[PDB]
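Residue numbers (this note's numbering), protein chains in the order written: chain S, -5 to 207; chain L, 34 to 249.
1) Using a Cβ-Cβ cut-off of 6 Å (strictly less than) and excluding sequence neighbours within five positions of residue 250/L, which residues of its own chain qualify?
2) Just the C-alpha distance for residue 3/S and residue 67/S, rounded to the nearest angstrom, thanks.
3) Apply the 10 Å Cβ neighbour rule to residue -3/S and answer buried if 16 or more other Cβ atoms are within range, or exposed otherwise.
4) Nearest-angstrom Cα distance between residue 46/L and residue 56/L?
5) Go ahead and pull the three-state DSSP assignment for residue 79/L.
6) Decide if the region 160 to 177 of chain L is in contact with the region 113 to 130 of chain S; the criterion is three or more beta carbon pairs, one per stretch, under 8 Å apart.
7) Starting from residue 41/S and walking both ways along the beta strand (DSSP E), at which residues does that stretch end?
8) Given this structure, state the Cα-to-Cα distance separating residue 162/L from residue 73/S, to the nearest angstrom.
9) On a CA-only basis, which of 12/S, 9/S, 27/S, 7/S is nearest residue 0/S? Give me that one, please.
10) How close, in whole Å, do the beta carbons of residue 75/S and residue 160/S come, if the pair is a contact with beta carbons under 8 Å?
11) Shorter than 8 Å from the beta carbon of residue 184/L to some beta carbon of chain S?
12) Buried or exposed: which applies to residue 136/S, given that a residue is buried once 16 or more other Cβ atoms fall within 10 Å of its Cβ?
13) Would you list, in chain order, the members of the region 59 to 91 of chain L that have their beta-carbon closer than 7 Å to a beta-carbon of chain S?
14) I'd like to know if residue 103/S contacts chain L, where contact means its C-beta is closer than 8 Å to some C-beta of that chain.
15) Using only the alpha-carbon positions, how far apart do residue 34/L and residue 155/L sit?
16) Please classify residue 242/L as buried or exposed, where buried requires at least 16 neighbouring CB atoms within 10 angstroms.
17) Could you tell me whether the Cβ atoms of residue 159/L and residue 246/L are closer together than 8 Å?
18) I'd like to know if residue 116/L contacts chain C, where contact means its C-beta is closer than 8 Å to some C-beta of that chain.
19) Which value, in whole angstroms, describes the spacing of the CA atoms of residue 142/S and residue 189/S?
20) Could you tell me which residues DSSP pairs with residue 115/L in its beta bridges?
21) Between 108/S, 146/S, 19/S, which lies nearest to residue 134/S when the distance is taken from Cα to Cα?
22) Looking at C-alpha atoms only, which residue of 151/L, 153/L, 220/L is the closest neighbour of residue 168/L?
23) With 16 as the cutoff for other CB atoms within 10 Å, does residue 120/L come out buried or exposed?
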């Protein structure tokens, strides 16, 4: 099949800046190329067809160009709401093929996370398990480190975390980390702490609680 | 066997089959080619094939010729895609396209696994008790041990949206998922306003409304 090589794979752009994404076809595809935009939790939306035609409603900020094997999608005056995955397609040769996609993130000023820790509920404990949760709210950049400590012992291998998609309004991220222990293990220690390290924190922030109540 | 309506999500056993449906707009056109596309987590989009509801004509991507079958019920103007001999490789989000819409159809998810459906247990993530601040506080709900995806969470039945963060589910080593949803609110409202997380795990027909408050 015809391969569409899209670059770059990831991009961080500040609001107001220009975005340039390219797709290279392994064989000549004329102008039979389309560009799509897929926002978080949404289905792909057609932006450009036949290489350079804007679909009705798409703003002039989005421009498709190129012919033959080299195609480009340009986004000027990037808006916070433009964050999303962009993909190209070639419909000249069968089977129809797509580029790997480009994830465009919004680059904004650094924002330190607001940290919160949650002890396991008595209800869960009665079931034999203890989940301890640490929330890192509205921060930027996405890079952040959460270190769980139990009576000063650094934990590893017993936690999992997930991050929300970048906020379309303030361009921040939020992260939740869960430390999971058996009820028996939970009742062998006193101090549970979540230590957070982030670019916006001159010194790491630690939230904690003593097992009780 | 398993029928999957557009925008739905269904768990199917490996080796079995599933049939997705997609209704045509109903508008009159000579041709109405509807395309089917597959999307996986860390993979690029893949084109499966197309079908013309008007004529019944089809065209497939050679790669899916043996596993996908496109058909149409002309009377009800409905297009179907059957996926056979399912494997973990078939787990993905599928989209159908329409010529008179700039957006592809919703997103229909297939989960291929032999693991049994299991409803979640919901636990409270209560605001700092005894040591509560004065600025902003946080509370939430931990939806643990369920299968398959998805689980949805709303707060106050949709009335509360500001400050809500519902996280992507995490797959545990047990093979079950866990998901957390939190919301930040004024530390002063903790004494009056009610905060309820509405959890729904459609696969197991499990719905839970849990009021979350600082523990005494």
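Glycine is no exception: its CB is placed at the ideal position from the N, C-alpha and C atoms.
For this structure:
1) This structure leaves residue 250/L out entirely; chain L is present only between 34 and 249.
2) Each residue's alpha carbon lies about 14 Å from the other.
3) Here residue -3/S is exposed: its Cβ has fewer than 16 other Cβ atoms, across all protein chains shown, within 10 Å.
4) The alpha-carbon atoms of residue 46/L and residue 56/L are separated by roughly 25 Å.
5) Strand at residue 79/L.
6) Segments in contact, yes.
7) Counting along the chain, the beta strand (DSSP E) containing residue 41/S begins and ends at 39 to 43.
8) Looking at the two C-alpha atoms, the distance is approximately 40 Å.
9) That would be 27/S, whose Cα lies nearest to the Cα of residue 0/S.
10) Their Cβ separation, rounded to whole angstroms, is 11 Å, which puts residue 75/S and residue 160/S out of contact at 8 Å.
11) False, the Cβ-Cβ gap to chain S never drops below 8 Å.
12) By the neighbour-count criterion, in which a residue is buried when 16 or more other Cβ atoms sit within 10 angstroms of its Cβ, residue 136/S is exposed.
13) So the list reads 77, 78, 80, given in the order they occur along the chain.
14) Residue-level contact by beta carbon fails for residue 103/S and chain L, as no gap is shorter than 8 Å.
15) Rounded to whole angstroms, residue 34/L and residue 155/L show a C-alpha spacing of 32 Å.
16) With fewer than 16 other Cβ atoms within 10 Å, it is exposed.
17) Contact annotation: residue 159/L and residue 246/L have beta-carbon atoms nearer than 8 Å.
18) Any reference to chain C falls outside this structure, whose protein chains are S and L.
19) The straight-line gap from Cα to Cα measures roughly 6 Å.
20) Per DSSP, 52/L, 102/L.
21) Looking only at 108/S, 146/S, 19/S, the smallest Cα-Cα distance to residue 134/S is reached by 108/S.
22) With respect to the C-alpha of residue 168/L, the residue from 151/L, 153/L, 220/L having the closest C-alpha is 220/L.
23) Within 10 angstroms of the beta-carbon of residue 120/L lie fewer than 16 other beta-carbons, which makes it exposed.
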